[PDB]
Amino acid sequence: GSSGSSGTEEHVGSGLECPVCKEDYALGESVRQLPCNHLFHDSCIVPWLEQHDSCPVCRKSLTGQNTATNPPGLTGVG
Ligand SMILES: [Zn+2]
Ligand SMILES: [Zn+2]
């Protein structure tokens, strides 16, 4: 009958679609991984962390040292 398998690699394409838009990834699509084991589109997270600086899913504090930390961009930012 039907014989064949591939598996579930870290980033192969298994329910890993970006949560920000809930669409999907792409070999060429620049993806970003979080310290909480959560990936996100380099175009969905970039503009996110620069506003919340956390995970849009679990919001896992992406900082441990003192508050004094390099800014996401320029004072202008909200
Ligand atoms: Zn996205
Ligand atoms: Zn997370």
# chains A, B, ... in the order shown; residues from 1 in each chain; ligands from 1
$ closest_atom_pairs --of "chain A" --to "ligand 1" --cutoff "7 Å" --atoms "only C-alpha atoms and all ligand atoms" --output "JSON lines"
{"residue": "A:18", "atom": "CA", "partner": "ligand 1", "partner_atom_place_in_ligand_line": "1 (Zn)", "distance": 4.6}
{"residue": "A:19", "atom": "CA", "partner": "ligand 1", "partner_atom_place_in_ligand_line": "1 (Zn)", "distance": 6.4}
{"residue": "A:20", "atom": "CA", "partner": "ligand 1", "partner_atom_place_in_ligand_line": "1 (Zn)", "distance": 4.8}
{"residue": "A:21", "atom": "CA", "partner": "ligand 1", "partner_atom_place_in_ligand_line": "1 (Zn)", "distance": 4.3}
{"residue": "A:22", "atom": "CA", "partner": "ligand 1", "partner_atom_place_in_ligand_line": "1 (Zn)", "distance": 6.4}
{"residue": "A:23", "atom": "CA", "partner": "ligand 1", "partner_atom_place_in_ligand_line": "1 (Zn)", "distance": 6.4}
{"residue": "A:40", "atom": "CA", "partner": "ligand 1", "partner_atom_place_in_ligand_line": "1 (Zn)", "distance": 6.1}
{"residue": "A:41", "atom": "CA", "partner": "ligand 1", "partner_atom_place_in_ligand_line": "1 (Zn)", "distance": 4.5}
{"residue": "A:43", "atom": "CA", "partner": "ligand 1", "partner_atom_place_in_ligand_line": "1 (Zn)", "distance": 6.6}
{"residue": "A:44", "atom": "CA", "partner": "ligand 1", "partner_atom_place_in_ligand_line": "1 (Zn)", "distance": 4.7}
$ select_by_dssp --residues "chain A" --states "strand (DSSP E or B)" --output "PDB file with N, CA and C atoms, in the first residue's frame"
ATOM      1  N   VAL A  31      12.263  34.477   8.644  1.00  0.00           N
ATOM      2  CA  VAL A  31      11.576  34.153   9.888  1.00  0.00           C
ATOM      3  C   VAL A  31      12.473  34.413  11.093  1.00  0.00           C
ATOM      4  N   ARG A  32      11.857  34.769  12.216  1.00  0.00           N
ATOM      5  CA  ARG A  32      12.599  35.047  13.440  1.00  0.00           C
ATOM      6  C   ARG A  32      12.118  34.158  14.582  1.00  0.00           C
ATOM      7  N   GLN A  33      13.064  33.582  15.317  1.00  0.00           N
ATOM      8  CA  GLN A  33      12.735  32.708  16.437  1.00  0.00           C
ATOM      9  C   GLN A  33      12.889  33.444  17.765  1.00  0.00           C
ATOM     10  N   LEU A  39       8.380  31.112  16.747  1.00  0.00           N
ATOM     11  CA  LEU A  39       8.863  31.802  15.556  1.00  0.00           C
ATOM     12  C   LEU A  39       7.838  32.820  15.064  1.00  0.00           C
ATOM     13  N   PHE A  40       8.308  33.803  14.303  1.00  0.00           N
ATOM     14  CA  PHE A  40       7.432  34.839  13.767  1.00  0.00           C
ATOM     15  C   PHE A  40       8.066  35.512  12.554  1.00  0.00           C
ATOM     16  N   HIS A  41       7.228  35.919  11.605  1.00  0.00           N
ATOM     17  CA  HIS A  41       7.706  36.578  10.394  1.00  0.00           C
ATOM     18  C   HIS A  41       8.579  37.781  10.739  1.00  0.00           C
TER      19      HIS A  41
END
$ closest_atom_pairs --of "chain A" --to "ligand 2" --cutoff "12 Å" --atoms "only C-alpha atoms and all ligand atoms" --output "JSON lines"
{"residue": "A:18", "atom": "CA", "partner": "ligand 2", "partner_atom_place_in_ligand_line": "1 (Zn)", "distance": 11.6}
{"residue": "A:19", "atom": "CA", "partner": "ligand 2", "partner_atom_place_in_ligand_line": "1 (Zn)", "distance": 10.0}
{"residue": "A:20", "atom": "CA", "partner": "ligand 2", "partner_atom_place_in_ligand_line": "1 (Zn)", "distance": 11.4}
{"residue": "A:32", "atom": "CA", "partner": "ligand 2", "partner_atom_place_in_ligand_line": "1 (Zn)", "distance": 11.7}
{"residue": "A:33", "atom": "CA", "partner": "ligand 2", "partner_atom_place_in_ligand_line": "1 (Zn)", "distance": 9.2}
{"residue": "A:34", "atom": "CA", "partner": "ligand 2", "partner_atom_place_in_ligand_line": "1 (Zn)", "distance": 6.6}
{"residue": "A:35", "atom": "CA", "partner": "ligand 2", "partner_atom_place_in_ligand_line": "1 (Zn)", "distance": 7.4}
{"residue": "A:36", "atom": "CA", "partner": "ligand 2", "partner_atom_place_in_ligand_line": "1 (Zn)", "distance": 4.6}
{"residue": "A:37", "atom": "CA", "partner": "ligand 2", "partner_atom_place_in_ligand_line": "1 (Zn)", "distance": 6.3}
{"residue": "A:38", "atom": "CA", "partner": "ligand 2", "partner_atom_place_in_ligand_line": "1 (Zn)", "distance": 4.9}
{"residue": "A:39", "atom": "CA", "partner": "ligand 2", "partner_atom_place_in_ligand_line": "1 (Zn)", "distance": 8.0}
{"residue": "A:40", "atom": "CA", "partner": "ligand 2", "partner_atom_place_in_ligand_line": "1 (Zn)", "distance": 9.6}
{"residue": "A:45", "atom": "CA", "partner": "ligand 2", "partner_atom_place_in_ligand_line": "1 (Zn)", "distance": 11.3}
{"residue": "A:49", "atom": "CA", "partner": "ligand 2", "partner_atom_place_in_ligand_line": "1 (Zn)", "distance": 11.8}
{"residue": "A:53", "atom": "CA", "partner": "ligand 2", "partner_atom_place_in_ligand_line": "1 (Zn)", "distance": 11.6}
{"residue": "A:54", "atom": "CA", "partner": "ligand 2", "partner_atom_place_in_ligand_line": "1 (Zn)", "distance": 8.0}
{"residue": "A:55", "atom": "CA", "partner": "ligand 2", "partner_atom_place_in_ligand_line": "1 (Zn)", "distance": 4.7}
{"residue": "A:56", "atom": "CA", "partner": "ligand 2", "partner_atom_place_in_ligand_line": "1 (Zn)", "distance": 6.8}
{"residue": "A:57", "atom": "CA", "partner": "ligand 2", "partner_atom_place_in_ligand_line": "1 (Zn)", "distance": 5.1}
{"residue": "A:58", "atom": "CA", "partner": "ligand 2", "partner_atom_place_in_ligand_line": "1 (Zn)", "distance": 4.1}
{"residue": "A:59", "atom": "CA", "partner": "ligand 2", "partner_atom_place_in_ligand_line": "1 (Zn)", "distance": 5.6}
{"residue": "A:60", "atom": "CA", "partner": "ligand 2", "partner_atom_place_in_ligand_line": "1 (Zn)", "distance": 5.5}
{"residue": "A:61", "atom": "CA", "partner": "ligand 2", "partner_atom_place_in_ligand_line": "1 (Zn)", "distance": 8.9}
{"residue": "A:62", "atom": "CA", "partner": "ligand 2", "partner_atom_place_in_ligand_line": "1 (Zn)", "distance": 9.4}
$ write_last_selection --atoms "N, CA, C and O atoms" --output "compact mmCIF listing (two decimals), in the first residue's frame"
# COMPACT_ATOMS: atom_id res chain seq x y z
N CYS A 18 3.21 31.66 10.99
CA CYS A 18 3.34 32.83 11.86
C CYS A 18 2.02 33.13 12.56
O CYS A 18 0.97 33.26 11.93
N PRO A 19 2.08 33.25 13.90
CA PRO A 19 0.90 33.54 14.72
C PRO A 19 0.39 34.96 14.52
O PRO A 19 -0.81 35.22 14.62
N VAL A 20 1.31 35.88 14.23
CA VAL A 20 0.95 37.28 14.01
C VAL A 20 -0.15 37.40 12.97
O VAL A 20 -1.16 38.09 13.18
N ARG A 32 11.86 34.77 12.22
CA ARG A 32 12.60 35.05 13.44
C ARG A 32 12.12 34.16 14.58
O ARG A 32 10.92 34.00 14.79
N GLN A 33 13.06 33.58 15.32
CA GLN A 33 12.73 32.71 16.44
C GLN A 33 12.89 33.44 17.76
O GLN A 33 13.82 34.22 17.95
N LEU A 34 11.97 33.19 18.69
CA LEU A 34 12.00 33.83 20.00
C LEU A 34 12.62 32.90 21.04
O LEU A 34 12.69 31.68 20.86
N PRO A 35 13.08 33.48 22.16
CA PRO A 35 13.69 32.73 23.25
C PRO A 35 12.68 31.86 24.00
O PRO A 35 13.01 31.26 25.02
N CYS A 36 11.46 31.80 23.48
CA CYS A 36 10.41 31.01 24.10
C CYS A 36 9.99 29.85 23.19
O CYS A 36 8.98 29.20 23.43
N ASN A 37 10.79 29.61 22.16
CA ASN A 37 10.50 28.53 21.22
C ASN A 37 9.35 28.90 20.29
O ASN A 37 8.58 28.04 19.86
N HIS A 38 9.23 30.19 20.00
CA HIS A 38 8.17 30.68 19.13
C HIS A 38 8.74 31.49 17.97
O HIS A 38 9.50 32.44 18.18
N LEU A 39 8.38 31.11 16.75
CA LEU A 39 8.86 31.80 15.56
C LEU A 39 7.84 32.82 15.06
O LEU A 39 6.65 32.71 15.36
N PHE A 40 8.31 33.80 14.30
CA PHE A 40 7.43 34.84 13.77
C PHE A 40 8.07 35.51 12.55
O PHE A 40 9.29 35.66 12.48
N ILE A 45 7.08 40.28 13.50
CA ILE A 45 7.65 40.41 14.83
C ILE A 45 8.47 41.69 14.96
O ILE A 45 8.36 42.42 15.94
N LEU A 49 7.98 43.64 18.35
CA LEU A 49 8.92 43.81 19.45
C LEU A 49 9.30 45.28 19.62
O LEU A 49 9.57 45.73 20.73
N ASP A 53 8.02 44.62 22.55
CA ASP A 53 9.28 44.01 22.97
C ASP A 53 9.04 42.70 23.70
O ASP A 53 9.69 42.40 24.70
N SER A 54 8.09 41.92 23.20
CA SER A 54 7.75 40.64 23.81
C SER A 54 7.10 39.70 22.79
O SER A 54 6.95 40.05 21.62
N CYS A 55 6.72 38.51 23.24
CA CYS A 55 6.09 37.53 22.37
C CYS A 55 4.59 37.78 22.26
O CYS A 55 3.87 37.83 23.26
N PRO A 56 4.11 37.95 21.02
CA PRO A 56 2.69 38.20 20.75
C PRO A 56 1.82 36.98 21.03
O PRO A 56 0.62 36.99 20.78
N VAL A 57 2.44 35.92 21.54
CA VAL A 57 1.73 34.69 21.86
C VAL A 57 1.72 34.42 23.36
O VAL A 57 0.66 34.36 23.98
N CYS A 58 2.91 34.27 23.93
CA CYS A 58 3.04 34.01 25.36
C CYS A 58 3.58 35.24 26.09
O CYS A 58 3.56 35.30 27.32
N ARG A 59 4.06 36.21 25.32
CA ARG A 59 4.61 37.43 25.89
C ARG A 59 5.71 37.12 26.90
O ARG A 59 5.73 37.66 28.00
N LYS A 60 6.62 36.23 26.51
CA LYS A 60 7.73 35.84 27.38
C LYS A 60 8.78 36.95 27.45
O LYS A 60 9.49 37.21 26.48
N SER A 61 8.86 37.60 28.61
CA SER A 61 9.82 38.68 28.81
C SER A 61 11.13 38.39 28.08
O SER A 61 11.86 37.46 28.44
N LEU A 62 11.42 39.18 27.05
CA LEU A 62 12.64 39.00 26.27
C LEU A 62 13.78 39.84 26.85
O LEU A 62 14.58 40.41 26.11
$ atom_distance --atom1 "atom CA of residue A:15" --atom2 "atom CA of residue A:29"
15.8 Å
$ atom_distance --atom1 "atom CA of residue A:25" --atom2 "atom CA of residue A:12"
9.4 Å
$ select_by_dssp --residues "stretch 30-63 of chain A" --states "helix (DSSP H, G or I)" --output "tab-separated table (two decimals) with C-alpha atoms, in the first residue's frame"
chain	number	residue	atom	x	y	z
A	46	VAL	CA	10.13	43.16	13.95
A	47	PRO	CA	7.39	45.82	14.06
A	48	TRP	CA	5.94	44.04	17.10
A	49	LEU	CA	8.92	43.81	19.45
$ residues_around --residues "residue A:50" --least-positions-apart "6" --cutoff "12 Å" --atoms "only C-alpha atoms" --output "ChimeraX atom specification"
/A:42-44,56,62,70-78
$ write_last_selection --atoms "C-alpha atoms" --output "PDB file, in the first residue's frame"
ATOM      1  CA  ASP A  42      10.648  38.988  10.306  1.00  0.00           C
ATOM      2  CA  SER A  43       8.039  41.487   9.112  1.00  0.00           C
ATOM      3  CA  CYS A  44       5.434  40.643  11.751  1.00  0.00           C
ATOM      4  CA  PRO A  56       2.689  38.199  20.750  1.00  0.00           C
ATOM      5  CA  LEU A  62      12.637  39.004  26.270  1.00  0.00           C
ATOM      6  CA  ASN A  70      19.162  49.306  23.824  1.00  0.00           C
ATOM      7  CA  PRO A  71      15.958  50.845  22.402  1.00  0.00           C
ATOM      8  CA  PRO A  72      13.925  49.179  19.622  1.00  0.00           C
ATOM      9  CA  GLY A  73      14.382  52.236  17.426  1.00  0.00           C
ATOM     10  CA  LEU A  74      14.109  55.977  18.010  1.00  0.00           C
ATOM     11  CA  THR A  75      12.452  57.958  20.802  1.00  0.00           C
ATOM     12  CA  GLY A  76       9.797  58.786  18.226  1.00  0.00           C
ATOM     13  CA  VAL A  77       8.433  55.253  18.491  1.00  0.00           C
ATOM     14  CA  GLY A  78       5.277  55.063  20.582  1.00  0.00           C
TER      15      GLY A  78
END
$ atom_distance --atom1 "atom CA of residue A:26" --atom2 "atom CA of residue A:8"
16.1 Å
